[PDB]
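Q: Going line by line, the protein sequences match chains G, R, U, A, H and Y. Residue numbering for the first sequence follows this note's numbering, beginning at 5 and increasing consecutively. Residue numbering for the second sequence follows this note's numbering, beginning at 5 and increasing consecutively. Residue numbering for the third sequence follows this note's numbering, beginning at 6 and increasing consecutively. Residue numbering for the fourth sequence follows this note's numbering, beginning at 351 and increasing consecutively. Residue numbering for the fifth sequence follows this note's numbering, beginning at 33 and increasing consecutively. Residue numbering for the sixth sequence follows this note's numbering, beginning at -6 and increasing consecutively.
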Amino acid sequence: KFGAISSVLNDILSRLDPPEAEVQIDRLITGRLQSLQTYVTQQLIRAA
Amino acid sequence: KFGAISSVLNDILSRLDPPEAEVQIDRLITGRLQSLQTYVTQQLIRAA
Amino acid sequence: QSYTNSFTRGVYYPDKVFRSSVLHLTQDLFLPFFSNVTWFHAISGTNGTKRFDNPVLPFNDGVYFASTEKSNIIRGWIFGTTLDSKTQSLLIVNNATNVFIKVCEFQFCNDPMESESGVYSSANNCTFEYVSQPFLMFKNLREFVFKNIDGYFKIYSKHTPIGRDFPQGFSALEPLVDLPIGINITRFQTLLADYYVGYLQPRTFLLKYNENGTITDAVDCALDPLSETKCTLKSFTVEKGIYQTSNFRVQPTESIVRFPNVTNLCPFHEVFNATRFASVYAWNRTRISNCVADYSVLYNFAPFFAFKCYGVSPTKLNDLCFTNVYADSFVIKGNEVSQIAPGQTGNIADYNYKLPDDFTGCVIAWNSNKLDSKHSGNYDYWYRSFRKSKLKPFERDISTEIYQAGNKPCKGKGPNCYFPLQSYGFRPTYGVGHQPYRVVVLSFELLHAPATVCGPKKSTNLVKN
Amino acid sequence: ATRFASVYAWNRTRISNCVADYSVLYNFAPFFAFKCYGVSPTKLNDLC
Amino acid sequence: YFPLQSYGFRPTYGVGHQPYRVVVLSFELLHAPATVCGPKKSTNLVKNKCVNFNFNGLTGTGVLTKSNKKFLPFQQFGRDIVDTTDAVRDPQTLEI
Amino acid sequence: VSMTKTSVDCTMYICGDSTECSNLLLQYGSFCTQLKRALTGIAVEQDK
Ligand SMILES: *[C@@H]1O[C@H](CO)[C@@H](O[C@@H]2O[C@H](CO)[C@@H](O)[C@H](O)[C@H]2NC(C)=O)[C@H](O)[C@H]1NC(C)=O
Ligand SMILES: *[C@@H]1O[C@H](CO)[C@@H](O)[C@H](O)[C@H]1NC(C)=O
Ligand SMILES: *[C@@H]1O[C@H](CO)[C@@H](O)[C@H](O)[C@H]1NC(C)=O
Ligand SMILES: *[C@@H]1O[C@H](CO)[C@@H](O)[C@H](O)[C@H]1NC(C)=O
Ligand SMILES: *[C@@H]1O[C@H](CO)[C@@H](O)[C@H](O)[C@H]1NC(C)=O
Ligand SMILES: *[C@@H]1O[C@H](CO)[C@@H](O)[C@H](O)[C@H]1NC(C)=O
């Protein structure tokens, strides 16, 4: 969840009005983006 | 502090009730996650 | 006819920023390349329907206009919603020497031979007027783009020497005017004393600027895979090889909605419309299950002092399913409504009814003065003013022990002790802060759908594969 | 206090070398507002 | 009783009676973009020096010099290949 | 000699089948593009 009310985006959009969905979605975007950057960094190190 | 009122978790928990203490703690967690991730990434490069 | 290829037409400068010898990739509302453009020579060309009628066209996000006329037969446009003087609308009419743009409540115009025309009919409650903004606005193609962004009405235009209908070529439309109209534009109409209309959609384009800031070419990133590749690389030249572009997905074709056979409605009527309500001390918890969670009755029943939902911000509660639903019903003072929320304190939040700090549900406060007040005072409501400790979330403490104020045992009431239950009468003469209010808290536990308290939706047939 | 100062001349009372108990604050009145910054109410019965 | 009697036009001297002109301003501040706002003072143009600047809402710090770029009639400022502002049109003289 | 080659679509991973989330993700700039380039470079390196 990374601090969000739910890990599923469809539950955030179906449960919350846009002005709150943007906050919960932003928290999930931050968590997933950090996960991809971590993955890519380890793949670059392993690639080297 | 990474934006928190205090860098000490015991002070945040002592001063605030959970509804805001969790927010201040989440900021300290985020900052320390970035610190540890940077440390480990550089240690992996240095280890290589 | 009534459709046309359009080619590479309708590109406009998306902003007012000068760029030199760069390719700028931007997302904005544009007419897609090779999209269908409606040709109105049929239906409303020549005389057409003039003097009797004329259909009104939709305005979806923004529009592209074009004409090859040099007679100035086409004179103007109306933008708005009702377009009958009920609401505001914007009317732009050209003249030989000036331009008259007005936004007012317009009823109709004289313009839906031609010795005199355009005297208009009637108008009132006018808001803004603009005069001769651009002063004026072998054939000449006259392209216009009309876009409405956050209350600003943006007009772009270009004149191209033309006798071909949309000849192949490229020319960008420079901005002409930007008006703070501030209205809603859902429909528009043309005014006659040949005409093409395209509609804009949100798209990404790669725009090529020359050294003098003029857009000379463009790539529509969704026209074909080569254009998408060019946009991915931000170049009009693509080297030999394989490039990775956006992923593809198969889209759904239909919506599948499946709910149980339950058609019973949840008994919100009986709890909320009860003739007698519980006190805060003995607050009443009723479990809601095996029913349809139809909340339309709640909005139809009465206006409320407060309808604040925590964890589910919308009033559109009919689209969710619940796993554990409780209705906690009690009567409070108006000045205590603000205390019934997570994180609040006071005699009610602390000793009679407390919510968890992760509470999900709705707090509905209704003014009930006409039912609960009495001339002598309604003493059937009794808050526990004094308690030894703070109440736990959703705890019901119905102890009747007399509270002792410290060390002294003080059995009985008086010298150093109080009976914890304190009566306060409600009377029609009290102000809004003291008058009785009925508050019901609907506690909604949302953990997928093990159990059904689903709202008033219909089931469809199951489709597999 | 019988009299409160005007807003152009706020009255600043220093409190020191004392102990505090905040149940008295609830006893003084129903309140229009009781908003705390940097500390939550009911946590003031620790060192404040 | 009629509102049409003359009441206070006659001097009828007293502090109470002397007429006063009263004008009130609503300051509606509706949602639609405001078209009314006070005049924004300008200051003389300084070139070839490191200055702070605000050109019609575009702010920054830099050295302003005469430019050889040719902006289109509607363009107010320019940006380089990385979308950082590098040229402005002076709102009073239209010099680039 | 070689590593398993992968390609990750940033938008689907972070904001799968979510238009509002994708629109929010667009406000973080080129990060998705940088990760796409990094994974493409790794894939090419493994074939090299
Ligand atoms: C308003 O702007 C105009 C130009 O947009 C200014 O006109 C020029 O001002 C300079 C210096 O004052 C003169 O040397 C030019 O001859 C003027 N041009 C014309 C065509 O008259 C004008 O001065 C500005 N007004 C104010 C009060 O700043
Ligand atoms: C546009 O429509 C919305 C519908 O809710 C309304 O709230 C808004 O005031 C309208 N704006 C106008 C007519 O300028
Ligand atoms: C740009 O403007 C200059 C002005 O002298 C002109 O010489 C040049 O040919 C122009 N280039 C284009 C592509 O319009
Ligand atoms: C519901 O409220 C109405 C008054 O609005 C009342 O006449 C009716 O009897 C009530 N029904 C029940 C079941 O309490
Ligand atoms: C609570 O509401 C239910 C609804 O049927 C009712 O039967 C019950 O008697 C009520 N209890 C109190 C204490 O009001
Ligand atoms: C402020 O409060 C103190 C309390 O001791 C009092 O002595 C002082 O006179 C007060 N000042 C004003 C201006 O009210």
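Don't be surprised by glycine CBs; every beta carbon is placed ideally from N, CA and C.
Between the segment 30 to 43 of chain R and chain U, which residues of the former have a C-beta closer than 9 Å to a C-beta of the latter?
A: The residues in question: there are none.
Q: Buried or exposed: which applies to A:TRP360, given that a residue is buried once 16 or more other Cβ atoms fall within 10 Å of its Cβ?
A: Reading the fourth sequence from its first residue, position 10 is the one you call residue 360 of chain A. Exposed, because fewer than 16 other Cβ atoms sit within 10 Å of the Cβ of A:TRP360.
Q: What three-state label does DSSP hand H:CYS82 in the structure shown?
A: Taking the first residue of the fifth sequence as position 1, residue 82 of chain H is located at position 50. Strand at H:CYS82.
Q: Rounded to whole angstroms, how far is the Cβ of U:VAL368 from the Cβ of U:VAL446, which I believe are closer than 8 Å?
A: Counting from 1 along the third sequence, the entry for residue 368 of chain U is found at position 363. Counting from 1 along the third sequence, the entry for residue 446 of chain U is found at position 441. Contact flag correct, Cβ pair sits at about 5 Å.
Q: Only counting the same chain, and skipping five residues up and downstream in sequence, which positions put a Cβ closer than 7 Å to that of U:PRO398?
A: Indexing the third sequence from 1 puts residue 398 of chain U at position 393. Here the set comprises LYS359, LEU360, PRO361.
Q: Please check if any C-beta of chain U sits within less than 9 Å of the C-beta of A:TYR376.
A: As a working mapping, residue 376 of chain A is identified with position 26 in the fourth sequence. With 9 Å as the cut-off, A:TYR376 counts as an interface residue toward chain U.
Q: If you run the structure through DSSP and keep just helix, strand and coil, what is U:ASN129?
A: Looking up residue 129 of chain U in the third sequence gives position 124. In this structure, U:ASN129 counts as strand in the three-state DSSP scheme.
Q: Flag R:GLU24 as yes if its beta-carbon sits less than 9 Å from any beta-carbon of chain C, otherwise no.
A: The chain labelled as chain C is not found among the protein chains of the depicted structure, namely G, R, U, A, H and Y.
Q: Is A:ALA355 near ligand 6 - that is, is its Cβ less than 8 Å away from at least one heavy atom of it?
A: For the purposes of this step, residue 355 of chain A is taken as the residue at position 5 of the fourth sequence. Result yes, Cβ under 8 Å from ligand 6.
Q: If you measure from the CB of U:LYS75, is any heavy atom of ligand 3 nearer than 8 Å?
A: For the purposes of this step, residue 75 of chain U is taken as the residue at position 70 of the third sequence. Outside the cutoff, so no.
Q: Pull every residue with its beta-carbon under 7 Å away from any heavy atom of ligand 1, and keep them in chain order.
A: Answer in sequence order: H:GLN124, H:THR125, H:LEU126.
Q: Do U:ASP33 and U:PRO180 come within 9 Å of each other at the CB atom, strictly closer than that value?
A: For the purposes of this step, residue 180 of chain U is identified with residue 175 of the third sequence, where counting begins at 1. For the purposes of this step, residue 33 of chain U is identified with residue 28 of the third sequence, where counting begins at 1. No, Cβ-Cβ distance for U:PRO180 and U:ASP33 is not below 9 Å.
Q: In the DSSP assignment, find the alpha helix (DSSP H) that holds G:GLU24 and state where it starts and stops.
A: On the first sequence, residue 24 of chain G is found 20 positions in, with the first residue counted as 1. Segment 22 to 51, the alpha helix (DSSP H) holding G:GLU24.
Q: Kindly provide the ranges of any alpha helix (DSSP H) runs that are 4 or more residues long and lie completely inside the segment 186 to 243 of chain U, ordered along the chain.
A: List check, alpha helix (DSSP H) in window: 230 to 238.
Q: Measuring alpha carbon to alpha carbon, tell me which residue in U:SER240, U:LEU325, U:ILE190 is nearest residue 536 of chain U.
A: Residue 536 of chain U lies beyond the residue range present for chain U, which begins at 6 and ends at 470; the question has no answer from this structure.
Q: Since U:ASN372 sits in a beta bridge, which residues does DSSP pair it with?
A: By one-based count along the third sequence, residue 372 of chain U stands at place 367. DSSP output for U:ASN372 lists U:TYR442 as bridge partner(s).
Q: How big is the Cα-Cα spacing for U:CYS415 and U:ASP402?
A: Here residue 415 of chain U refers to the residue found at position 410 when the third sequence is read from its first residue. Here residue 402 of chain U refers to the residue found at position 397 when the third sequence is read from its first residue. Approximately 21 Å, taken between the alpha carbons.
Q: Grouping DSSP H, G and I as helix and E and B as strand, with all else coil, what is U:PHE23?
A: Along the third sequence, one-based indexing puts residue 23 of chain U at 18. Strand, per DSSP.
Q: DSSP beta-bridge partners for U:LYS152?
A: In the third sequence, counting from the first residue as 1, residue 152 of chain U sits at position 147. The partner list for U:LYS152 (beta bridge, DSSP) reads U:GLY67, U:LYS159.
Q: Using the Cβ count rule (16 or more neighbours within 10 Å means buried), how would you classify U:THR465?
A: Taking the first residue of the third sequence as 1, we reach residue 465 of chain U at position 460. It counts as exposed.
Q: Any Cβ of chain A within less than 9 Å of the Cβ of R:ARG19?
A: What you label residue 19 of chain R is simply residue 15 of the second sequence in a count that begins at 1. It does; some Cβ of chain A falls within 9 Å.
Q: As a quick exercise: from U:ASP299, U:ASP229, U:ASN470, U:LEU211, pick the residue whose alpha carbon is nearest that of U:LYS239.
A: Along the third sequence, one-based indexing puts residue 239 of chain U at 234. Checking every option, the nearest Cα to that of U:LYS239 belongs to U:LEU211.
Q: What are the boundary residues of the alpha helix (DSSP H) that includes R:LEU13?
A: Taking the second sequence and counting its residues from 1, one reaches residue 13 of chain R at position 9. Note, R:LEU13: alpha helix (DSSP H), 13 to 19.
Q: Quick one: is R:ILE16 near chain G, going by C-beta distance under 9 Å?
A: For this step, residue 16 of chain R is matched to residue 12 along the second sequence. So no, R:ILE16 is outside the interface.
Q: Residues of chain U with CB under 8 Å from Y:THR33, in chain order?
A: Within the sixth sequence, residue 33 of chain Y is the residue found at index 40, counting from 1. Those within 8 Å of Y:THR33 in chain U are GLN249.
Q: Can you tell me whether U:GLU216 sits near ligand 3, meaning its C-beta is under 8 Å from at least one heavy atom of the ligand?
A: Against the third sequence, residue 216 of chain U aligns to sequence position 211. Under cutoff, so the answer is yes.
Q: Hey, is the segment 123 to 133 of chain U in contact with the segment 52 to 70 of chain U, meaning 3+ C-beta pairs nearer than 8 Å?
A: The segment 123 to 133 of chain U is not in contact with the segment 52 to 70 of chain U.
Q: Runs of 4 residues minimum, wholly inside the segment 42 to 108 of chain U: which ones carry the alpha helix (DSSP H) assignment?
A: Complete alpha helix (DSSP H) runs here, min 4: 46 to 49.
Q: For U:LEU28, does the count of other Cβ atoms within 10 angstroms reach 16, so buried, or fall short, so exposed?
A: Mapped onto the third sequence, residue 28 of chain U falls at position 23. Counting Cβ neighbours within 10 Å, U:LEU28 comes out buried, since at least 16 surround it.
Q: By DSSP, does U:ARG290 sit in helix, in strand, or in coil?
A: To locate residue 290 of chain U, count along the third sequence from 1; it is residue 285. DSSP places U:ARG290 in strand when its eight states are reduced to three.
Q: Could you tell me the distance, in whole angstroms, from the CA atom of A:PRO391 to the CA atom of A:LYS385?
A: The sequence position of residue 391 of chain A within the fourth sequence is 41, counting from 1. The sequence position of residue 385 of chain A within the fourth sequence is 35, counting from 1. If I take the Cα positions, the gap works out to 8 Å.
Q: One question on the structure: do U:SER49 and U:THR195 come within less than 9 Å of each other, judged by their Cβ atoms?
A: Start at 1 with the first residue of the third sequence, and residue 49 of chain U comes out as number 44. Start at 1 with the first residue of the third sequence, and residue 195 of chain U comes out as number 190. Yes; because the gap between Cβ atoms is below 9 Å, this pair is in contact.
Q: Does DSSP classify U:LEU181 as helix, strand or coil?
A: The residue you call residue 181 of chain U lines up with position 176 of the third sequence. In the structure shown, U:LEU181 sits in a strand (DSSP, three-state: E or B).
Q: Which chain R residues are close to G:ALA52, counting only those with a beta carbon under 8 Å from its beta carbon?
A: Taking the first sequence and counting its residues from 1, one reaches residue 52 of chain G at position 48. Here the neighbours are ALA52.
Q: How is the beta strand (DSSP E) around U:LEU30 delimited, first residue to last?
A: In the third sequence, counting from the first residue as 1, residue 30 of chain U sits at position 25. It spans 28 to 35 - the beta strand (DSSP E) in which U:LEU30 sits, taken as one unbroken run.
Q: Report the residues of the segment 46 to 71 of chain U with a CB closer than 8 Å to any CB of chain Y, ordered along the chain.
A: Within the segment 46 to 71 of chain U, no residue qualifies.
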